[PDB]
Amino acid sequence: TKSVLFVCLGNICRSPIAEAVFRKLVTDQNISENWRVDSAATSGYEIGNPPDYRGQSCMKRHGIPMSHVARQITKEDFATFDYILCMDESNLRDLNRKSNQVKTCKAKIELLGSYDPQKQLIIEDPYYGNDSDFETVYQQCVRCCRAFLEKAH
């Protein structure tokens, strides 16, 4: 069984959308059973909270199921996940820092955007943005998750 953890700073705006998009893709391809899919935060700012309601509104428009309770990444996650796919370089710095504090790091840690055929490298925090910024995040997750599923690097 393969595993991927999507990560952003708070686990309310970006990573729950990536997770939900990816889970839908594998489910549509009859292989959800082969995959462990999750999302988590670098920080503890939003622990226990559901995804940003603007994100829920976006996913509803696109007919993508989403349900998550925000949680912080743990030391155990570096041992168990094949891939940790994050949103921006700040996430990446933080994840690399945490990963070096741990004995076992199975996970390949990289930017989700590094999979975008369109080379939109960074998935920017839409929290201080509007609905159009959530839509961009959504569209990025679609391209990136599809490409990741196709061929992980």
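For every residue, the number given is its place in the sequence shown, counted from 1.
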property: Selected stretch [higher average CA B-factor]: 90-98 or 113-121; result: 113-121
property: Largest Cα B-factor, entry values, listed residues 31, 40, 84, 59; result: 31
property: Ranked C-alpha temperature factor of residue 65 among modelled chain residues, by third; result: highest
property: Within-chain third of residue 19 by Cα B-factor, per the entry; result: lowest
property: Ranked C-alpha temperature factor of residue 11 among modelled chain residues, by third; result: lowest
property: CA B-factor ranking of residue 127, expressed as a third of its chain; result: lowest
property: Third assignment of residue 152 from its chain's C-alpha B-factors; result: highest
